[PDB]
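Those protein sequence lines, which keep their order, are chains E, B, F, C, D and A. Per the authors' numbering, the very first residue in the first sequence carries number 25; after that it's consecutive. Residues 24 to 98, 105 to 392 (the authors' numbering) make up the second sequence, in order. Residues 25 to 164, 393 to 428, 431 to 441, 443 to 447, 449 to 455, 595 to 603 (the authors' numbering) make up the third sequence, in order. Residues 30 to 109, 115 to 212 (the authors' numbering) make up the fourth sequence, in order. Per the authors' numbering, the very first residue in the fifth sequence carries number 26; after that it's consecutive. Residues 24 to 495, 504 to 690, 699 to 808 (the authors' numbering) make up the sixth sequence, in order. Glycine included, each C-beta is placed from N, C-alpha and C at the ideal position.
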Amino acid sequence: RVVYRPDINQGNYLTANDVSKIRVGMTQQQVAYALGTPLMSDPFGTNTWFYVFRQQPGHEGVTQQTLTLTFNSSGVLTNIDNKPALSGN
Amino acid sequence: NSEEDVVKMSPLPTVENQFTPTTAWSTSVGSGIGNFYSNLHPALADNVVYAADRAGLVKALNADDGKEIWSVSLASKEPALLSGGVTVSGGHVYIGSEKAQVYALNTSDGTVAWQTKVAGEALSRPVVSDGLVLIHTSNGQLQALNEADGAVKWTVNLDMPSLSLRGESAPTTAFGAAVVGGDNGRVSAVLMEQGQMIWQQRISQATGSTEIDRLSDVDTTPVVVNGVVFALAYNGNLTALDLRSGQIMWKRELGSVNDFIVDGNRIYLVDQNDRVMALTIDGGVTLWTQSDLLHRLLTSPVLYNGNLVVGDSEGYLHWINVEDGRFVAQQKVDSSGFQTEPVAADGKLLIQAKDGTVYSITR
Amino acid sequence: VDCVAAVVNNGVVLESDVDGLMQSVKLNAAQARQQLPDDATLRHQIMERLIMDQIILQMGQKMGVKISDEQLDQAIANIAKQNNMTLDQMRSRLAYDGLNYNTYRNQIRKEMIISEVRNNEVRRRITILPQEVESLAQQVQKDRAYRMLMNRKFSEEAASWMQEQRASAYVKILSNXXXXXXXXXXXXXXXXXXXXXXXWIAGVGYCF
Amino acid sequence: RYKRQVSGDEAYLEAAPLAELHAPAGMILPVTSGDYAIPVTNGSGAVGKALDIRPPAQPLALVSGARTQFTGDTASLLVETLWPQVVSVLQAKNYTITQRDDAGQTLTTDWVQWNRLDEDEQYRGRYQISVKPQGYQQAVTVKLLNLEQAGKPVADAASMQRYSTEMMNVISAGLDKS
Amino acid sequence: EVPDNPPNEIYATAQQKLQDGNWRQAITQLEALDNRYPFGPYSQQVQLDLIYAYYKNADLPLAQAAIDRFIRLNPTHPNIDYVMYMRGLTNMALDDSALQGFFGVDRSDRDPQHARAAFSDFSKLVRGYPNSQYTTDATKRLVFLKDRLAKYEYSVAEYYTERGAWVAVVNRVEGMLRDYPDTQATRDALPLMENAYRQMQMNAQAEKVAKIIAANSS
Amino acid sequence: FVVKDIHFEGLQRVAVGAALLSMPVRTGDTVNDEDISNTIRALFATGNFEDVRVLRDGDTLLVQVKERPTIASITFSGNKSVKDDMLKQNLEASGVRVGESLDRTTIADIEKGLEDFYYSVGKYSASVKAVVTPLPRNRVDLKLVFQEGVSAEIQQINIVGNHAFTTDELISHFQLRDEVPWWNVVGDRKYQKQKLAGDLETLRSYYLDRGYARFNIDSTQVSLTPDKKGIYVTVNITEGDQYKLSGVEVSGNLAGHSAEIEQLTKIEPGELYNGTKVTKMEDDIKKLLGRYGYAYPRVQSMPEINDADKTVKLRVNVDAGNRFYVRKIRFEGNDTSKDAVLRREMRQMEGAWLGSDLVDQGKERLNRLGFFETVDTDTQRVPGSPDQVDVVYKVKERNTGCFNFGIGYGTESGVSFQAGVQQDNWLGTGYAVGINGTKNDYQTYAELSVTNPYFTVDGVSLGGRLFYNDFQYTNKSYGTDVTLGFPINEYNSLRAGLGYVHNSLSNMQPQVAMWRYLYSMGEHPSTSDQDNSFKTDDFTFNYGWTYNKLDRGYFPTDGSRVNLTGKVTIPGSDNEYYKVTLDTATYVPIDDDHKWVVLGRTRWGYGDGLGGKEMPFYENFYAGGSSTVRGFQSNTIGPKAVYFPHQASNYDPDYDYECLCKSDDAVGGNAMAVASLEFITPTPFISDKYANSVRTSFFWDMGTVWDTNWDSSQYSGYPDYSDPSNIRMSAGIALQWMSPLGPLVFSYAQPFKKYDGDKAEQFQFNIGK
């Protein structure tokens, strides 16, 4: 509206250049080097890494992009899920 | 303001006037040495003397009358900063400068025979011998200039601790070898035909730590007689050592001198505390001392009629009897002060004041 | 029973050493030579020697130079050869003379380490121009006079360095050269947030 | 009392007890990396205002080389006619001697009163003084039999410690007065 | 300032001044006695009395300096637990320095470093000498300090919840869950983590904390 | 033989068994052989002794021990150029302090250090002597004798070796002085060692930024006369030759921001080589990279130089590195203000990529609040993961307000009671609260105001106020107002609100202005005699706009602040008017360290009526006093009240009530304009320990105010009040200090240009902002 709202950033921003080099079959060190340390990790049971990239210019659309990596209990990568988000709101 | 607490004890000289020496003339060369420490001093050659100032002008004088002969200015843009003591030889007069320029003038004609650029300020008096004039610049560099026209021959390199005293030492010539001082307490000898060393002997005895204030650089011209040479570091250790090699014939701790003379089987010098003193060249035995003058900022002692002539910053010229010391006379020659070394030759002496310029003194 | 004669920086020299080098080394079959000054006169120089040996010891310890036991045994062999007195019977000589095995080992370790420190420290600052060798040869050639020249430079520079170090070393003499043994020697009210009480003119001025 | 008192209030005694949250079925909570761990300890200790903050008394200085020694209820002291001196200082303080064996060098005094600028606590004491030699020297022992507060016997260790140390200090200062 | 005197009577009058409670005067005599005889027979008593006087006189920094000095140069002493407990008490008192105590303001989300230091001192005391008489009060103070730190973390998480920074909220709640598991502030703050997951469209992770809070709703 | 036991003598720093743990003799056990000498050596190796003397008078070790003394006090005489604080700090850093053991080695250590320091300062004829005086109980008192002789004077700076610039021009820029001007006393000719390195780098920079690249300093010599009075400095330079930029190449692991980097490196062909230019290029590249996240880049430049064509190629190698994310933000020092009041002024959200500009922007915003003395930021890397960082803000709290409660006057003259609280930070909650009530026989006043700057978490502020005036002629007035404000952008704020007031005054003095206002309002009573009353009520809407950009909040040293406030009546009230006021304070720094500042202050004000009704006289503008042209009076500048001839009127006592005659009394017009310029200098009597709290200024002030209602008839023979061309002027000196009781301002101002009825004063004291 009229009241000023500062820009809000809530996670590491990931670019398609570094996304395209991720293929199922690497270990923790390789993906950590390629993309960066994940801010959000599942603290319950299984080890899951969440790369969330969300912006908010203030009274516009809240752009979001989530990338969930599911690792097995051995240190190697198993599952990838890249969601451009924007599921409605 | 509150830090002017100097430990300064220079008693006024005891009033003991016996004889009556006087002056001959003054010349007023102009604003000369002034407060700036330097080595400018008049030189006498065949009834003609010469003088100069920090500004750059050089004057020639006839003896016995003090009449001008020819005056030139070696300025153009700014002072030439004349530093090298005026020396004369043959048909040339040589002068140094702080701008790394050495001037050689053609005496009677008063024309610039040449000038050349050296490495660093040329404080030391240019010494002439064997068709070469030697400059001991303020970098440890010792440069030989060809007598014909400039044309540096060899540049010997010497060390330079970074707190040295000003007034680097001019070398002396003996049997084809130049004996020179140094800024680190080491007396060197050099073969003055290609620039090769013979022996480099250290004579200083410095401590450490607080020694950052102790400098012990030899800025005195070494004197040579027979097979021995003599040297004096700033902080002590008078040395008499062999000409052939750096073999110390005999040393003494006292040292601490900036000017000395040797003659008549004895050595007459002044300590860094202005304590004029006499020694025996045989082994370094003290004949006598004269401790009336302390912290008075004396000058070089010169022989004249068997008397040691000295000066001070207050201007009073003192005569010392060569026999155990006694104030023969005190002359209120000038109020400017005496800082440069007096010259004595041909039975006649000259002293250039800091600003009063050359003064001719009679006995 | 023992005392300390002087203290130097960190270490200390005690009466044991001065007694050992004075009672056991003075004309008492310690090179004899039938020449020895007064005990009081030589006491000063022997104390100087002991304290300077100590000073050299800490100076070396600053660099921490270590010498191993094989060098000590080779030094013992050198002593045996230079005494024309073989190592086992030389050891017996030392044992009954007063210096037993451990004292001799420590003494040789100390003398070797101080000699090594002296040599390195002096030779690091020595200079010889390749010019005067020919001059001395002509006065007298192919390194014959070079050894003598280096020896003279060593003699001057070592003494100068000794004076320089002795002058500037912290020593306190508690009291209470050297010929040595000659042989067997190798090489309004207010309160305090803020509160002001003054003096109708009574007004509180407390500041949070 | 104003002194002998914790400066803060008592509001820290109403903290909610810590209850470990339980894990759900078939899922593990984040590990207890919480170095902020509280070891479990019994009670029987004064809390809040009931606790006293008082510099633990130590037997003071006397004749040189006299090593003091702590005990839970007693106090000891090495020294360098020591028993006659001790008897002398006790008489100087006018403490009545109920029992005395000079041969055994052991004595028992009367009730001694200790009041220290606080009301209802004019401490009274039953003390059994004794001396016996130890090694090359002699050792003085002050043994506190009983302690009373306003006529009420009490048994807290700190009070017995302090009021044995005070009596030991009385001897020690009296011993220096010789 | 006090006239030179042999130590016994000056110590006696310092003790009397402490007895009366005139701490400001007593510090002078105690400090003079400590200065004039640095290594006397009973300098330890002087140090302990000085610590007590400094703490009572609300002169905390000097008390802390003396406590650290005594710990350093007397590592072993029969009553070092008293000094440790007093150091912890000094830190905890230093935490509360404001007029807000008059109004009962919730001094929980202010600067907590003093609370952390007090927790460290009390935990060191409890782990060190669990047979002393200061242990129960130390345990109560430790519980209070842990709750206070948990409350501060919950306050930060609540502010970020209000702002709209969901990832910071998740990180803070995870930190509380990892470091303050058994406190009450973590139970209060778990719904904030659930709301963050719900707002950030990660439901599969949201129902997990929903189950955690539902099973432990009580 | 066998020793039975041990005995010692000294027990100060070493206990009975403390020494036993170290000595290898291990008595009470096996022991024998000269090894006792080794025991002595082991005991002394500890360093806790000064002398040891073993003795075997019996069969027990009689070890005489003389322990090293513990220093009793430190004292010193003769120190003039060196302050006691530096000496005691060095001693604390030298391992010597009261109560600590004394070791003789540290005596020589500190002697050497002090002598070297004096030799660096220039006092070459200086010597420090350390005297130790023994005292009973093995302790010492340390005396230091300083024989500070005389400072050496520098004589000349010689730049021998130059052939392209004047030597005087080269040495003009130097911090060291060759010849101090005669008309300059603040400067002198002392030789400080660091200044030599500084001006060597200055000369090097001078040649590097004028196309000279093949440049170096051959040598530097510091000669000293054999008097310790003359210091000569000589430097040898290699002039080299000028050069031209062949071109610039930027290569390396540049991030996706290559385009703007290339634009930044665009250099005009034919320019001269400047080292400052390339340093600025590197700093700009680093800042541009740090804005986008890469906080730790690596930028280097090798100027590959070809002398054949005198062309230099700038080869810039840039390695971006890894982007850094903030793990958490912590706050230290806020013992009173809570965490939210700090965290809400941030612009760097937690759990986001580090914007190195946002951290400093948040630091500035926190510094602008006005209740934090010093704010320090620190972006420190985590000890664990590579690309993580913790941002720490350290703030030092500042006292904000005061609580006052004082009864004054009295003594048969009247009780003068007053009380109040004035806080900008109420208990750290962030609220702004203010209550003030004064009670005296002559008049009674009360007011209250509460403002929340963050009613919602966007910047919205809500505030309200109540006020009450009633006293004697009689005057009563009370009212209420409520406003709210919101931010337009980073800097601007916009406010709107409404409120109502009620006034009632009676038995008013007769004077032209108030009668004019009444006739405008529609009441025309008698003029010579006054026994009338009047009542009014006003409902008004007010608005405002503030632009703020300041370095700090309490006497800032940068930026500017403009503040506009305008109130207009709503239809339905008794009066109809509109007022517009403007304020503008601007600061410009001239010194690099922001120590010398030029201040420009201005204030403007207009006010008038609506629909033919005059502006009420109880809200006119005023001037004088403090906060305006200072040195005249409180609210006296401008139009002066002129009274109609007096009559029966009110009760007129004899010897009292001595009131169209002209009077010096003032009433205030409805158009005001004042301005002022100030120069700020540091206090020349203190140091930096207090320099952040005291401000000294020289000021010039001008001010004027006039009445927009003019009569050709009534004002026929009276001064032209409606004429603005006449102004009042003043000048003087002002001193401000953040006293522990709030901000206090002192001023002395000689009245420069004043008019009739001003009663201008000289000394002026005030409390407030």
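Setting aside the 5 residues that flank it on each side, A:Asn422 has no residue in the same chain whose C-beta is closer than 6 angstroms to its C-beta.
Beyond the five residues adjoining it in sequence on each side, A:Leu471 comes within less than 6 angstroms, by CB distance, of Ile458, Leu489 in the same chain, given in chain order. Under the criterion of beta carbons closer than 8 angstroms, A:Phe347 and A:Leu311 do not qualify as touching, at roughly 15 angstroms. Contact between B:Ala66 and B:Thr116 holds, with the beta-carbon distance rounding to 6 angstroms and staying under 8 angstroms.
Runs of the beta strand (DSSP E) lying entirely within the segment 130-195 of chain B, each at least 3 residues long, are 130-134, 141-146, 156-158, 161-165, 171-175, 181-185 in chain order.
Excluding sequence positions up to five before and after A:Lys252, its CB lies within less than 8 angstroms of the CB of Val173, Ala175, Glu176, all in the same chain and listed in chain order. In the assembly as shown, A:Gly451 is a buried residue. Its beta-carbon has 16 or more other beta-carbons within 10 Å. In the DSSP assignment, C:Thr175 falls within the beta strand (DSSP E) that extends over 171-183. In the structure shown, the three-state DSSP call for E:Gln53 is helix. Residues of chain B whose Cβ lies closer than 9 angstroms to the Cβ of A:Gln178 are, in chain order, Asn58, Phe59, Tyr60. Taking A:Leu125 as reference, the option from A:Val154, A:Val208, A:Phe494, A:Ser761 with the minimal CA-CA separation is A:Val154.
Distance from the CA of A:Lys309 to the CA of C:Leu50, rounded to the nearest whole angstrom, comes to 49 angstroms. C:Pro187 is outside the set of residues whose beta carbon lies under 8 angstroms from a beta carbon in chain D. For A:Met777, the enclosing beta strand (DSSP E) covers residues 767-778.
For the segment 210-242 of chain B, the beta-carbon criterion of a distance under 8 angstroms to any beta-carbon of chain A is satisfied by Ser238, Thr239, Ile241, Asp242. Secondary structure note for D:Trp191: it is in no beta strand (DSSP E), and the uninterrupted alpha helix (DSSP H) holding it is 191-204. Within chain C, the C-beta atoms nearer than 7 angstroms to that of E:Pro67 come from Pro59, in chain order. Shortest Cα-Cα distance from C:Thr115 to any of C:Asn128, C:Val123, C:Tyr129 involves C:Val123. By alpha-carbon distance to B:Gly160, the top candidate from B:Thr315, B:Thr202, B:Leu267 is B:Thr202. For A:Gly424, at least one C-beta of chain F is nearer than 8 angstroms to its own C-beta. At a cut-off of 8 angstroms, the C-beta of B:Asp188 has no neighbouring C-beta in chain A. Looking at the DSSP output, A:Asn805 shares a beta bridge with A:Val784. With the rule of 3 Cβ pairs closer than 8 angstroms, the segment 195-204 of chain D does not count as touching the segment 68-81 of chain C.
In the three-state scheme derived from DSSP, where H, G and I count as helix and E and B as strand, A:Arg388 is classed as helix. The segment 107-125 of chain A and the segment 30-45 of chain C do not touch, with fewer than three beta-carbon pairs separated by less than 8 angstroms. D:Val195 has a beta carbon lying within less than 8 angstroms of a beta carbon in chain E. By the Cβ criterion, the segment 426-435 of chain A is not in contact with the segment 353-364 of chain A, since fewer than three pairs of Cβ atoms, one from each stretch, lie closer than 8 angstroms. B:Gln319 is not a Cβ neighbour of B:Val331, given a cutoff of 8 angstroms. Taking the Cα positions, D:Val151 is about 40 angstroms away from D:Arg188. For B:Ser274, a Cβ of chain F is located within less than 8 angstroms of the residue's own Cβ. The three-state secondary structure of F:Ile91, taken from DSSP, is coil. By the criterion of a C-beta distance shorter than 6 angstroms, B:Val95 is surrounded in its chain by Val81, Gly139, once the five residues flanking it on both sides are discounted. Where D:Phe147 is concerned, the enclosing alpha helix (DSSP H) starts and stops at 138-153.
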